[PDB]
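Coordinate-derived values only; no laboratory data. Note that each Cβ is placed from the backbone with ideal geometry, even for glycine, and that neighbours are counted across all protein chains shown.
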Amino acid sequence: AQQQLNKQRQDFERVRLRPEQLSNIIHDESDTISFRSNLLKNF
Amino acid sequence: XXXXXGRXXXXXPXXXXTXXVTXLXXXXXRXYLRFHXXXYXXXXXXX
């Protein structure tokens with residue numbers, strides 16, 4: 001019964017390695033940097 | 001006719017450098033591994 005261990009590993013890893021999205025993922029600067037607004041300001 | 005002394009020579013047809021040769025005697029005159037047995041879920045699964 002090595003398939004049961006594999007199913008358990010799959011269930012664990014699907015929860016562990018799942019990526020966050022449209023949520024607490026909050027980014028720093030250098031991610032939310034608008035190039036257009038800086039170009040306009042410098043113009 | 002052409003046979004000579006018991007020899008049967010009869011069956012014969014009768015009718016850069018440019019070397020000359022004598023006639024009648026020519027001489028100059030698939031499968032990719034699945035997870036098990038690949039060494040994980042054999043050290044794992046904290047559930």
### Task
Go over the candidates A:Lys41, A:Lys7 one by one and state the one that is among the charged types (D, E, K, R) and closer than 30 Å to B:Unk42 by Cα.
A:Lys7
### Condition broken by A:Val15, with the remaining ones in (1) at the interface with another protein chain (Cβ under 10 Å from one of its Cβ atoms); (2) more than 21 Å from B:Unk44 (Cα to Cα) satisfied
(2)
### Summary
Going through (1) surrounded by 10 or more Cβ atoms within 10 Å (Cβ to Cβ); (2) within 14 Å of another protein chain (Cβ to nearest Cβ) one by one, B:Unk3 fails only at (2)
### Message
Condition first: within 14 Å of chain A (Cβ to nearest Cβ) and assigned to a loop (DSSP other than H, G, I, E, B). Can you find one or more residues in segment B:15-28 that meet it?
### Response
no
### Task
Report the residue count in segment B:1-37 for those that are hydrophobic (A, V, I, L, M, F, W, C) and within 16 Å of A:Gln8 (Cβ to Cβ).
1
### Task
Give just the number: which of (1) loosely packed, with under 10 Cβ neighbours inside 10 Å; (2) assigned to a helix (DSSP H, G or I) does A:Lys7 not satisfy?
(1)
### Scan of segment A:10-36 for residues that are exposed (fewer than 10 other Cβ atoms within 10 Å of the Cβ) and either under 30 Å from B:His36 (Cα atoms) or over 26 Å from the mean Cα position of the chain (by Cα) (or both), ordered by number
A:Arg14, A:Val15, A:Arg16, A:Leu17, A:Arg18, A:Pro19, A:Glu20
